[PDB]
Amino acid sequence: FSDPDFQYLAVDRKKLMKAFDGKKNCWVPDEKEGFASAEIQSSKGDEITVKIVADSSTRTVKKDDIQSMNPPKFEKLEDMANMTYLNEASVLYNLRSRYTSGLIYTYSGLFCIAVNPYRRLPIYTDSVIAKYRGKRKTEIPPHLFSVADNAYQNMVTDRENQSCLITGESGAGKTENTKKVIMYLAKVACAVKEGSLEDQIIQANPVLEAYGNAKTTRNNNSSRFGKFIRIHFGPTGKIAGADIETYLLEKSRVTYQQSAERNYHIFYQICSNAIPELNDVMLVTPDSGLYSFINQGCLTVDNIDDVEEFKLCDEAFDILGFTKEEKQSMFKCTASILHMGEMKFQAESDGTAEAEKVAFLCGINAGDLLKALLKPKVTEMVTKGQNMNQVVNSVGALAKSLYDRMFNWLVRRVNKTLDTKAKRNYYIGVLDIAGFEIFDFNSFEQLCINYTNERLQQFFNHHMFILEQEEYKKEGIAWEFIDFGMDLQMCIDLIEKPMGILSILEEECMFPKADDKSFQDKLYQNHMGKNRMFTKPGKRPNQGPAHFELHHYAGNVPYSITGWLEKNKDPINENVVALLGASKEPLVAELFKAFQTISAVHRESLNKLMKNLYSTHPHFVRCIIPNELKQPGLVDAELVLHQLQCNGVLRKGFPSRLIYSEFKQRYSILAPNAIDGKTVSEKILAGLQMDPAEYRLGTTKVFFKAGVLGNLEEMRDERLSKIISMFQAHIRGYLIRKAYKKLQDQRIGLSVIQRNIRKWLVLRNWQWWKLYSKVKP
Amino acid sequence: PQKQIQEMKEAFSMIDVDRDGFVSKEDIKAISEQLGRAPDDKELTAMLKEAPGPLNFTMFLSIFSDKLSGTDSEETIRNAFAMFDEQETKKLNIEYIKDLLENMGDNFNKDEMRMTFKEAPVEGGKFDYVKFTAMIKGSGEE
Amino acid sequence: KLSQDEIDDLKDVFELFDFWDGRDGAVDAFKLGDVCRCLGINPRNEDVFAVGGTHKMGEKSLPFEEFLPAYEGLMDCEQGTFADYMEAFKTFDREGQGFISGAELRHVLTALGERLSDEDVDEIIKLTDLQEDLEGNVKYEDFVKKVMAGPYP
Ligand SMILES: Nc1ncnc2c1ncn2[C@@H]1O[C@H](COP(=O)(O)OP(=O)(O)O)[C@@H](O)[C@H]1O
Ligand SMILES: *[C@H](C[C@H](O)Nc1ccc(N2C(=O)C[C@@H](*)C2=O)cc1)C(=O)O
Ligand SMILES: [Ca+2]
Ligand SMILES: [Mg+2]
Ligand SMILES: [Mg+2]
């Protein structure tokens, strides 16, 4: 490699990289750095004593919790699949090493890890792009880019669909490298008011992001919704078009913020006063902290300029094809919500001074509205009364619904501006969606996000069991005692098939009782006790109340059915709807035109998504968050390890393996008659009376099936300790034999000295002797 | 035993008061009744029945010899002890032999154990078998 | 099954351990096993107690006729072979060169399996004359040969 700006961007090894013995070098656990490099000093069984290389200190550590260190031969590697040791300790290393040096990418084997910078990096430039263009994953250093190429490459020549699902925690890098993958794939395959299809595709983020993203402690720009953009290519491998598909907007945020969070960015920028010539178009007063719906949490995200992100937003509309009409409408309806929020009011209307702004914006009447919001209608057709709450939360629902109905318009609208009918042949659809989140308290909100992931966790697993079969044959074994996967469909069925809680909360919303036991029971009586996953709540940290409990891939999660019916349908004053439905605003009217619960709508949104992905040859990018504080170049010891345990570190009920070598150097003591690497092990089992199905003897390693290994470990430990006893009885029996002649002679000794004395007495007791002595002069 | 005989004879005479060249029933009940507590009658009678014919000197050393016929020497003895002196200290800390003798070999019975230590030579816990042997069998006094 | 004389070697021996607690025609159960080692065996403690062993001297007394069977018992039991021992000790030799530190050896013998009083260890280490080097390690191979070698080579 020669080098323009591959520098603090890609590998960088001639200006940095310039004593090791894998017998004393190893990693021990460290409460501070996760693990720590140290040297082994002494042994005493399960008490391997060592000196901490670093601070040169001393401590004891179980021979087990110690982990092998990789020779310096693999420092800052680029395919941790190559390292000698791909274990839990060494992986944390090779990544932190790279991370501190600003390489922010790594291919641990068939993956593409990506520790978040939290700093702007110079590695996405056109120069760098082209230096990555067309190149094989190996002739070029790790980098998101080539992750996308190999897709296009394969798409073109392998003629199929490609998918790059980027998944990480929150604030990791997902909704970031997702953009780079579109922006790249578009720098390379270009085709040629309204801007360029290229420009549009790209520009269509500040909008979607403007309405669907907000501040979360974890992340200033958290993506409150899922996204799945496809990118089709023409019969000449050119961008023929793209189509978006957002999943599960967080309706609830529109009116509430946990402290330390903000509402969807826009709202805040709308009061930014970026385009003053609009304050009066929306009736807004450039002040965020003045509208109850957006000022509940923090009002500003450090390093996120609203005024600008506003101007940039607007611009974006221009380029998507939006008009001055459509555009401004968007804003208006958005602006309105702020006010829908201010309508003050047991008590009924307290002033109407603002409720009017809402009246004007949505292009309908102050009277009709302000009226229906208190005295609405409905087989019988009546009029009802609503109180202090039967109205406030009635407004809450108004806004949310609007913002929601709106968002969908925004996507749908955007999918129109890039619907060009150029001929389509294969697509490269990136997918940026959140992940299995399990809060202290979990509801319908969470069951969704998660259920969604459940199906995704089966896609990955389906695809991993595939390469499995590809390791099963190279080192040539067919080993099909496949029997598996059921446990993942288990939770999957219980969540989407007909009789699952997911059609119940859907038909139990048709049934006109709609009360929370009418459902918080329907399930029970249908799945309570009748499942392995579904179970009554458990019993721990600071968790809230939870009704049924799911056995998700990531684990068991408690769920609260309180108010799901409502959360599932859309409880707006059907009264106001039609009031809106018939309006003088092209949007509002459209927004409320002439099934669809939040979930039979997801049922498909998702059934659809999968059917796409399963038509692709996937590519995974695992984003990892380095630390809470968010400063670039830092590593939260644990935090990382944690993540590294939930993706691909290498599993779920598959047969384990061992290079034939190491099987000898570990389990030979088990079948002791041997003295060739692979034949040594090749024997042991046979003699160990091993049932032949429990294993297969491929050429590089041995594949075992369950705890067959664990059964060995267990056997080993039982044996190792018997020998030890045996060697001890040998020491024991040796002594008893050393001290055996002294044992025999003494018996002669204690016979001379009893008999004699036992005579010498008789004699002192002999009448004659007595006499004799009396006479002894 | 050559010159032990020099004594037997000595004893015989100082014993044979009437010096009836023979040790008589009245010959004992005399010399005894002369020094210490003399024996009874059957006591005496059993002393004579212990000798085939009249008590001439011969018949005298004869009854004695049998009574010393199966004793091991002062070596086969003094060394039979030392086998337990590991240290070559000329002593068996008391309790050791006390237990050796009683709860091992052919277990020494109570009174059998009592008379053997009645006068045995004991010091600072130790036990001088060296002396105790030179007493049990033989040397040092008369 | 045993040969007459084998039974004679038991006959001879037994009549010594009987002697030591008292010639009474019986042997303390505690010593029952300790008696089998005098016949070139090395039945682990779990074995001896398995046939009639005892942990405290003075709980049960055993006559010959009874003894013998208990012996045939402690025979069919597994004895260690050089390899085993080696393949066991080897599981403590990291360097691989084959040296097992001093303290460790003491540990193994006095911590693992059926343990040993520091004495025996300290004894068996004198008898066989095991020697640690300047660094302080002994080759287990050499030690293992001696323990199996017997006190009288
Ligand atoms: N590659 C990157 N370069 C610079 N900053 C990044 C990068 N990846 C992530 N970040 C930082 O982390 C924040 C969170 O990233 P984001 O992609 O939005 O996370 P996610 O979608 O995974 O929830 C970003 O706002 C940004 O500050
Ligand atoms: C990370 C959770 C974590 O790291 N632990 C586990 C995740 C996943 C699994 N699975 C599967 O997903 C399939 C089989 C299996 O056991 C186990 C543990 C998270 O928070 O996302
Ligand atoms: Ca006895
Ligand atoms: Mg995001
Ligand atoms: Mg006379």
# chains A, B, ... in the order shown; residues from 1 in each chain; ligands from 1

$ residues_near_ligand --ligand "ligand 4" --cutoff "10 Å" --atoms "only C-alpha atoms and all ligand atoms" --output "list in words"
residues 167, 168, 169, 170, 171, 172, 173, 174, 175, 176, 177, 178, 209, 212, 213, 214, 219, 220, 221, 222, 223, 224, 225, 226, 227, 432, 433 and 434 of chain A

$ write_last_selection --atoms "N, CA, C and O atoms" --output "tab-separated table (two decimals), in the first residue's frame"
chain	number	residue	atom	x	y	z
A	167	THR	N	-27.20	-2.98	12.96
A	167	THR	CA	-27.86	-3.07	14.24
A	167	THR	C	-26.93	-2.83	15.40
A	167	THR	O	-25.86	-3.43	15.48
A	168	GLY	N	-27.33	-1.97	16.32
A	168	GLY	CA	-26.49	-1.75	17.47
A	168	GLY	C	-27.39	-1.38	18.62
A	168	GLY	O	-28.58	-1.68	18.61
A	169	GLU	N	-26.82	-0.74	19.64
A	169	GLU	CA	-27.62	-0.31	20.77
A	169	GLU	C	-28.16	1.05	20.35
A	169	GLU	O	-28.28	1.32	19.15
A	170	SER	N	-28.47	1.91	21.31
A	170	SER	CA	-28.98	3.23	20.96
A	170	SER	C	-27.93	4.32	21.10
A	170	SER	O	-27.42	4.57	22.19
A	171	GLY	N	-27.61	4.97	20.00
A	171	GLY	CA	-26.61	6.03	20.06
A	171	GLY	C	-25.28	5.47	19.66
A	171	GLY	O	-24.23	6.10	19.79
A	172	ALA	N	-25.34	4.24	19.17
A	172	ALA	CA	-24.16	3.52	18.74
A	172	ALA	C	-23.68	4.11	17.42
A	172	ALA	O	-22.68	4.81	17.37
A	173	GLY	N	-24.41	3.83	16.35
A	173	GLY	CA	-24.00	4.35	15.06
A	173	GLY	C	-24.98	4.01	13.96
A	173	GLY	O	-24.87	4.52	12.85
A	174	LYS	N	-25.95	3.16	14.27
A	174	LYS	CA	-26.93	2.75	13.29
A	174	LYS	C	-27.39	3.83	12.34
A	174	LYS	O	-26.93	3.91	11.20
A	175	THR	N	-28.31	4.66	12.83
A	175	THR	CA	-28.89	5.75	12.05
A	175	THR	C	-27.82	6.76	11.62
A	175	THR	O	-28.10	7.95	11.53
A	176	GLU	N	-26.61	6.28	11.35
A	176	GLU	CA	-25.50	7.12	10.90
A	176	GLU	C	-24.87	6.43	9.71
A	176	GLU	O	-24.95	6.90	8.58
A	177	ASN	N	-24.24	5.29	9.99
A	177	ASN	CA	-23.62	4.52	8.94
A	177	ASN	C	-24.69	4.04	7.98
A	177	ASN	O	-24.38	3.42	6.97
A	178	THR	N	-25.96	4.30	8.29
A	178	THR	CA	-27.01	3.85	7.38
A	178	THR	C	-27.04	4.87	6.30
A	178	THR	O	-27.23	4.57	5.13
A	209	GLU	N	-36.07	12.69	9.54
A	209	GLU	CA	-35.31	12.79	10.78
A	209	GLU	C	-35.83	13.97	11.60
A	209	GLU	O	-35.81	13.93	12.83
A	212	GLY	N	-39.19	12.51	12.92
A	212	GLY	CA	-39.09	11.25	13.64
A	212	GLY	C	-37.94	11.05	14.62
A	212	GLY	O	-37.81	9.97	15.20
A	213	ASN	N	-37.11	12.07	14.81
A	213	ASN	CA	-35.97	11.97	15.71
A	213	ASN	C	-36.06	13.00	16.85
A	213	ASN	O	-36.61	14.09	16.66
A	214	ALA	N	-35.54	12.65	18.02
A	214	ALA	CA	-35.55	13.54	19.17
A	214	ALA	C	-34.45	13.19	20.15
A	214	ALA	O	-33.81	12.15	20.02
A	219	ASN	N	-28.97	9.58	23.56
A	219	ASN	CA	-28.57	10.16	22.30
A	219	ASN	C	-29.37	11.38	21.85
A	219	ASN	O	-30.59	11.35	21.75
A	220	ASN	N	-28.64	12.47	21.57
A	220	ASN	CA	-29.24	13.74	21.13
A	220	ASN	C	-30.22	13.56	19.97
A	220	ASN	O	-31.31	14.14	19.95
A	221	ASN	N	-29.79	12.77	19.00
A	221	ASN	CA	-30.55	12.50	17.78
A	221	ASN	C	-30.95	11.03	17.68
A	221	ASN	O	-30.49	10.29	16.81
A	222	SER	N	-31.83	10.63	18.59
A	222	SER	CA	-32.31	9.27	18.63
A	222	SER	C	-33.36	9.10	17.58
A	222	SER	O	-34.20	9.97	17.38
A	223	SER	N	-33.31	7.98	16.88
A	223	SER	CA	-34.29	7.76	15.85
A	223	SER	C	-35.49	7.08	16.46
A	223	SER	O	-35.44	5.90	16.79
A	224	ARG	N	-36.57	7.84	16.61
A	224	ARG	CA	-37.75	7.26	17.19
A	224	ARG	C	-38.46	6.29	16.30
A	224	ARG	O	-39.44	5.71	16.72
A	225	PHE	N	-38.02	6.12	15.06
A	225	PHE	CA	-38.70	5.12	14.25
A	225	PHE	C	-37.79	4.22	13.46
A	225	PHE	O	-36.61	4.51	13.26
A	226	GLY	N	-38.38	3.14	12.97
A	226	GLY	CA	-37.63	2.23	12.14
A	226	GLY	C	-37.61	2.80	10.74
A	226	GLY	O	-38.35	3.72	10.42
A	227	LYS	N	-36.75	2.25	9.90
A	227	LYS	CA	-36.64	2.71	8.54
A	227	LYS	C	-36.08	1.55	7.75
A	227	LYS	O	-35.34	0.73	8.28
A	432	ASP	N	-32.32	0.35	9.02
A	432	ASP	CA	-31.93	0.94	10.27
A	432	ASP	C	-33.11	0.92	11.25
A	432	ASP	O	-34.00	1.77	11.17
A	433	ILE	N	-33.12	-0.05	12.16
A	433	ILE	CA	-34.20	-0.17	13.14
A	433	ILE	C	-33.60	-0.40	14.51
A	433	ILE	O	-32.50	-0.95	14.63
A	434	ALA	N	-34.31	0.01	15.55
A	434	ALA	CA	-33.81	-0.17	16.89
A	434	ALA	C	-33.70	-1.65	17.28
A	434	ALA	O	-33.75	-2.53	16.42

$ interface_residues --of "chain B" --to "chain C" --cutoff "10 Å" --atoms "only C-alpha atoms" --output "mmCIF file with C-alpha atoms, in the first residue's frame"
data_model
loop_
_atom_site.group_PDB
_atom_site.id
_atom_site.type_symbol
_atom_site.label_atom_id
_atom_site.label_comp_id
_atom_site.auth_asym_id
_atom_site.auth_seq_id
_atom_site.Cartn_x
_atom_site.Cartn_y
_atom_site.Cartn_z
ATOM 1 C CA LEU B 100 3.879 -49.957 75.162
ATOM 2 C CA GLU B 102 0.123 -52.280 78.769
ATOM 3 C CA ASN B 103 -1.923 -51.702 75.647
ATOM 4 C CA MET B 104 0.140 -53.625 73.071
ATOM 5 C CA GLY B 105 2.344 -56.757 72.980
ATOM 6 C CA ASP B 106 0.355 -59.280 74.965
ATOM 7 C CA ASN B 107 -1.361 -56.616 77.065
ATOM 8 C CA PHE B 108 0.183 -56.258 80.578
#

$ residues_around --residues "segment 5-11 of chain C" --least-positions-apart "2" --cutoff "8 Å" --atoms "only C-alpha atoms" --output "list in words"
residues 2, 3, 13, 14, 15, 39, 64 and 68 of chain C

$ write_last_selection --atoms "N, CA and C atoms" --output "CSV table (one decimal), in the first residue's frame"
chain,number,residue,atom,x,y,z
C,2,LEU,N,-7.0,-65.7,45.7
C,2,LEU,CA,-5.7,-65.7,46.3
C,2,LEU,C,-5.1,-67.1,46.4
C,3,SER,N,-3.8,-67.2,46.4
C,3,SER,CA,-3.1,-68.4,46.5
C,3,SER,C,-3.0,-68.7,48.0
C,13,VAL,N,1.3,-61.2,58.1
C,13,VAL,CA,1.1,-59.8,58.5
C,13,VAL,C,0.0,-59.7,59.6
C,14,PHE,N,-1.2,-60.1,59.3
C,14,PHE,CA,-2.3,-59.9,60.2
C,14,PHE,C,-1.8,-60.2,61.6
C,15,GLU,N,-1.1,-61.3,61.8
C,15,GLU,CA,-0.6,-61.6,63.1
C,15,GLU,C,0.5,-60.7,63.7
C,39,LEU,N,1.2,-55.4,51.7
C,39,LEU,CA,1.2,-56.5,50.8
C,39,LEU,C,1.3,-55.9,49.4
C,64,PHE,N,-9.1,-62.9,61.5
C,64,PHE,CA,-8.6,-63.3,60.2
C,64,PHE,C,-9.6,-63.7,59.2
C,68,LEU,N,-9.6,-61.7,55.4
C,68,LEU,CA,-9.3,-62.2,54.1
C,68,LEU,C,-10.4,-61.7,53.1

$ interface_residues --of "chain A" --to "chain B" --cutoff "12 Å" --atoms "only C-alpha atoms" --output "PyMOL selection string"
chain A and resi 741-777

$ residues_around --residues "segment 112-120 of chain C" --least-positions-apart "4" --cutoff "12 Å" --atoms "only C-alpha atoms" --output "ChimeraX atom specification"
/A:44-46,717-736,738-739 /C:43-47,88-89,103-108,124-128

$ select_by_dssp --residues "chain B" --states "alpha helix (DSSP H)" --output "count of residues only"
71

$ residues_near_ligand --ligand "ligand 2" --cutoff "12 Å" --atoms "only C-alpha atoms and all ligand atoms" --output "NGL selection string"
:A and (167-170 or 434-439 or 449-450 or 453-462 or 464-465 or 484-489 or 491 or 551-557 or 622-624 or 638-654)

$ select_by_dssp --residues "chain C" --states "strand (DSSP E or B)" --output "ChimeraX atom specification"
/C:27-28,61-62,99-101,137-139

$ write_last_selection --atoms "C-alpha atoms" --output "JSON list (two decimals), in the first residue's frame"
[["chain", "number", "residue", "atom", "x", "y", "z"],
["C", 27, "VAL", "CA", -7.19, -56.33, 64.34],
["C", 28, "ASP", "CA", -8.55, -52.83, 64.78],
["C", 61, "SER", "CA", -12.03, -55.46, 65.72],
["C", 62, "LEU", "CA", -11.63, -57.96, 62.91],
["C", 99, "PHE", "CA", 8.60, -29.15, 36.39],
["C", 100, "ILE", "CA", 5.99, -28.85, 39.12],
["C", 101, "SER", "CA", 6.94, -26.17, 41.67],
["C", 137, "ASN", "CA", 11.01, -26.94, 41.22],
["C", 138, "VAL", "CA", 11.10, -30.70, 41.19],
["C", 139, "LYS", "CA", 10.56, -32.89, 38.14]]

$ closest_atom_pairs --of "chain B" --to "ligand 5" --cutoff "12 Å" --atoms "only C-alpha atoms and all ligand atoms" --output "CSV"
residue,atom,partner,partner_atom_place_in_ligand_line,distance
B:12,CA,ligand 5,1 (Mg),9.5
B:13,CA,ligand 5,1 (Mg),8.3
B:14,CA,ligand 5,1 (Mg),9.9
B:15,CA,ligand 5,1 (Mg),8.0
B:16,CA,ligand 5,1 (Mg),4.3
B:17,CA,ligand 5,1 (Mg),5.4
B:18,CA,ligand 5,1 (Mg),3.8
B:19,CA,ligand 5,1 (Mg),3.3
B:20,CA,ligand 5,1 (Mg),2.9
B:21,CA,ligand 5,1 (Mg),5.3
B:22,CA,ligand 5,1 (Mg),5.0
B:23,CA,ligand 5,1 (Mg),5.4
B:24,CA,ligand 5,1 (Mg),5.9
B:25,CA,ligand 5,1 (Mg),9.2
B:26,CA,ligand 5,1 (Mg),8.3
B:27,CA,ligand 5,1 (Mg),5.8
B:28,CA,ligand 5,1 (Mg),9.3
B:29,CA,ligand 5,1 (Mg),11.6
B:30,CA,ligand 5,1 (Mg),10.2
B:31,CA,ligand 5,1 (Mg),10.6
B:54,CA,ligand 5,1 (Mg),10.9
B:55,CA,ligand 5,1 (Mg),9.3
B:56,CA,ligand 5,1 (Mg),9.5
B:57,CA,ligand 5,1 (Mg),11.1

$ write_last_selection --atoms "N, CA, C and O atoms" --output "JSON list (two decimals), in the first residue's frame"
[["chain", "number", "residue", "atom", "x", "y", "z"],
["B", 12, "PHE", "N", 23.58, -71.19, 101.17],
["B", 12, "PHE", "CA", 23.26, -72.51, 101.69],
["B", 12, "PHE", "C", 23.58, -72.62, 103.18],
["B", 12, "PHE", "O", 22.72, -72.92, 104.01],
["B", 13, "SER", "N", 24.85, -72.38, 103.51],
["B", 13, "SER", "CA", 25.34, -72.43, 104.89],
["B", 13, "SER", "C", 24.60, -71.47, 105.83],
["B", 13, "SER", "O", 23.91, -71.92, 106.74],
["B", 14, "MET", "N", 24.76, -70.16, 105.62],
["B", 14, "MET", "CA", 24.09, -69.17, 106.45],
["B", 14, "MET", "C", 22.61, -69.57, 106.56],
["B", 14, "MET", "O", 21.90, -69.10, 107.45],
["B", 15, "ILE", "N", 22.17, -70.44, 105.66],
["B", 15, "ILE", "CA", 20.79, -70.93, 105.67],
["B", 15, "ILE", "C", 20.72, -72.18, 106.55],
["B", 15, "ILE", "O", 19.94, -72.25, 107.49],
["B", 16, "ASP", "N", 21.56, -73.15, 106.21],
["B", 16, "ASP", "CA", 21.64, -74.43, 106.91],
["B", 16, "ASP", "C", 22.23, -74.19, 108.30],
["B", 16, "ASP", "O", 23.37, -74.56, 108.58],
["B", 17, "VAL", "N", 21.45, -73.55, 109.16],
["B", 17, "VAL", "CA", 21.90, -73.25, 110.53],
["B", 17, "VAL", "C", 22.39, -74.50, 111.27],
["B", 17, "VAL", "O", 23.58, -74.60, 111.58],
["B", 18, "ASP", "N", 21.48, -75.44, 111.54],
["B", 18, "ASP", "CA", 21.87, -76.66, 112.23],
["B", 18, "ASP", "C", 22.95, -77.28, 111.38],
["B", 18, "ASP", "O", 23.77, -78.08, 111.84],
["B", 19, "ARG", "N", 22.96, -76.82, 110.13],
["B", 19, "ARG", "CA", 23.99, -77.19, 109.19],
["B", 19, "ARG", "C", 23.99, -78.66, 109.01],
["B", 19, "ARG", "O", 25.05, -79.31, 108.92],
["B", 20, "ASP", "N", 22.77, -79.17, 108.97],
["B", 20, "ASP", "CA", 22.58, -80.57, 108.81],
["B", 20, "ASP", "C", 22.80, -80.94, 107.36],
["B", 20, "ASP", "O", 22.09, -81.75, 106.75],
["B", 21, "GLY", "N", 23.87, -80.32, 106.86],
["B", 21, "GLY", "CA", 24.34, -80.52, 105.51],
["B", 21, "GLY", "C", 23.18, -80.47, 104.54],
["B", 21, "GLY", "O", 23.37, -80.49, 103.32],
["B", 22, "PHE", "N", 21.98, -80.38, 105.09],
["B", 22, "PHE", "CA", 20.76, -80.34, 104.32],
["B", 22, "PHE", "C", 19.86, -79.24, 104.84],
["B", 22, "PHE", "O", 19.80, -78.97, 106.03],
["B", 23, "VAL", "N", 19.15, -78.61, 103.91],
["B", 23, "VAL", "CA", 18.24, -77.54, 104.27],
["B", 23, "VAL", "C", 16.93, -78.18, 104.69],
["B", 23, "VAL", "O", 16.18, -78.73, 103.88],
["B", 24, "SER", "N", 16.67, -78.10, 105.99],
["B", 24, "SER", "CA", 15.50, -78.69, 106.61],
["B", 24, "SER", "C", 14.29, -77.78, 106.74],
["B", 24, "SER", "O", 14.38, -76.56, 106.66],
["B", 25, "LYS", "N", 13.13, -78.42, 106.91],
["B", 25, "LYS", "CA", 11.88, -77.70, 107.09],
["B", 25, "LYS", "C", 12.08, -76.69, 108.21],
["B", 25, "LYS", "O", 11.62, -75.55, 108.13],
["B", 26, "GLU", "N", 12.77, -77.11, 109.27],
["B", 26, "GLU", "CA", 13.04, -76.24, 110.40],
["B", 26, "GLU", "C", 14.26, -75.38, 110.07],
["B", 26, "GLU", "O", 14.56, -74.42, 110.78],
["B", 27, "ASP", "N", 14.95, -75.72, 108.99],
["B", 27, "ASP", "CA", 16.15, -74.96, 108.61],
["B", 27, "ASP", "C", 15.81, -73.59, 108.04],
["B", 27, "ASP", "O", 16.61, -72.66, 108.12],
["B", 28, "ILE", "N", 14.62, -73.48, 107.46],
["B", 28, "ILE", "CA", 14.13, -72.24, 106.86],
["B", 28, "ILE", "C", 13.39, -71.42, 107.91],
["B", 28, "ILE", "O", 13.76, -70.28, 108.19],
["B", 29, "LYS", "N", 12.34, -72.02, 108.47],
["B", 29, "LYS", "CA", 11.52, -71.40, 109.50],
["B", 29, "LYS", "C", 12.42, -70.85, 110.59],
["B", 29, "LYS", "O", 11.95, -70.27, 111.57],
["B", 30, "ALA", "N", 13.71, -71.04, 110.41],
["B", 30, "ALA", "CA", 14.68, -70.56, 111.36],
["B", 30, "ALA", "C", 15.34, -69.32, 110.78],
["B", 30, "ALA", "O", 15.01, -68.19, 111.14],
["B", 31, "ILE", "N", 16.27, -69.54, 109.86],
["B", 31, "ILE", "CA", 16.99, -68.44, 109.22],
["B", 31, "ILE", "C", 16.05, -67.31, 108.78],
["B", 31, "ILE", "O", 16.46, -66.15, 108.75],
["B", 54, "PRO", "N", 16.28, -84.92, 99.60],
["B", 54, "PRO", "CA", 16.71, -84.01, 100.66],
["B", 54, "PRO", "C", 17.46, -82.82, 100.07],
["B", 54, "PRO", "O", 18.01, -82.91, 98.97],
["B", 55, "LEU", "N", 17.48, -81.72, 100.80],
["B", 55, "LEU", "CA", 18.11, -80.50, 100.33],
["B", 55, "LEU", "C", 19.61, -80.31, 100.46],
["B", 55, "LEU", "O", 20.07, -79.41, 101.16],
["B", 56, "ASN", "N", 20.39, -81.15, 99.78],
["B", 56, "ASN", "CA", 21.83, -80.96, 99.81],
["B", 56, "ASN", "C", 22.05, -79.75, 98.93],
["B", 56, "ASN", "O", 21.11, -79.27, 98.28],
["B", 57, "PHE", "N", 23.27, -79.24, 98.90],
["B", 57, "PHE", "CA", 23.55, -78.08, 98.08],
["B", 57, "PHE", "C", 23.19, -78.31, 96.62],
["B", 57, "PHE", "O", 22.51, -77.49, 96.01]]

$ residues_around --residues "residue 184 of chain A" --least-positions-apart "6" --cutoff "9 Å" --atoms "only C-alpha atoms" --output "PyMOL selection string"
chain A and resi 124+126+129+145+148-149

$ residues_around --residues "residue 340 of chain A" --least-positions-apart "6" --cutoff "10 Å" --atoms "only C-alpha atoms" --output "list in words"
residues 291, 292, 293, 354, 355, 356, 357, 358, 359, 392, 395, 396, 398 and 399 of chain A

$ write_last_selection --atoms "N, CA, C and O atoms" --output "compact mmCIF listing (two decimals), in the first residue's frame"
# COMPACT_ATOMS: atom_id res chain seq x y z
N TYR A 291 -44.40 26.38 24.75
CA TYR A 291 -45.48 25.48 24.40
C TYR A 291 -45.39 24.23 25.25
O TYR A 291 -44.39 23.51 25.19
N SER A 292 -46.42 23.96 26.03
CA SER A 292 -46.40 22.80 26.90
C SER A 292 -45.99 21.50 26.24
O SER A 292 -45.25 20.71 26.83
N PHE A 293 -46.43 21.24 25.01
CA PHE A 293 -46.06 19.98 24.41
C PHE A 293 -44.58 19.74 24.11
O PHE A 293 -44.16 18.59 24.10
N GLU A 354 -56.58 30.74 21.94
CA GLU A 354 -55.55 29.99 21.22
C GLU A 354 -56.18 28.91 20.36
O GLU A 354 -55.80 28.72 19.20
N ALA A 355 -57.14 28.20 20.94
CA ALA A 355 -57.87 27.14 20.27
C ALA A 355 -58.23 27.61 18.88
O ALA A 355 -58.55 26.82 18.00
N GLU A 356 -58.18 28.92 18.71
CA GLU A 356 -58.49 29.53 17.44
C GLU A 356 -57.31 29.35 16.48
O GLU A 356 -57.51 28.99 15.32
N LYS A 357 -56.09 29.60 16.95
CA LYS A 357 -54.92 29.41 16.09
C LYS A 357 -55.04 28.04 15.45
O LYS A 357 -54.80 27.88 14.25
N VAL A 358 -55.41 27.05 16.25
CA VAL A 358 -55.59 25.69 15.77
C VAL A 358 -56.72 25.67 14.76
O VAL A 358 -56.66 24.98 13.75
N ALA A 359 -57.76 26.44 15.06
CA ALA A 359 -58.92 26.52 14.19
C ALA A 359 -58.56 27.02 12.79
O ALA A 359 -59.03 26.47 11.79
N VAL A 392 -59.04 17.05 27.73
CA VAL A 392 -57.60 17.26 27.58
C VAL A 392 -56.99 16.07 26.84
O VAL A 392 -56.49 16.23 25.73
N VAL A 395 -57.52 15.86 23.45
CA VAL A 395 -56.73 16.75 22.63
C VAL A 395 -55.41 16.05 22.42
O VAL A 395 -54.92 15.95 21.29
N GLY A 396 -54.84 15.58 23.52
CA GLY A 396 -53.60 14.84 23.44
C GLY A 396 -53.72 13.91 22.24
O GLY A 396 -52.92 13.98 21.31
N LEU A 398 -55.66 13.96 19.74
CA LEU A 398 -55.85 14.70 18.50
C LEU A 398 -54.46 14.89 17.89
O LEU A 398 -54.15 14.36 16.82
N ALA A 399 -53.63 15.66 18.59
CA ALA A 399 -52.26 15.96 18.19
C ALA A 399 -51.53 14.70 17.75
O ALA A 399 -51.22 14.55 16.56
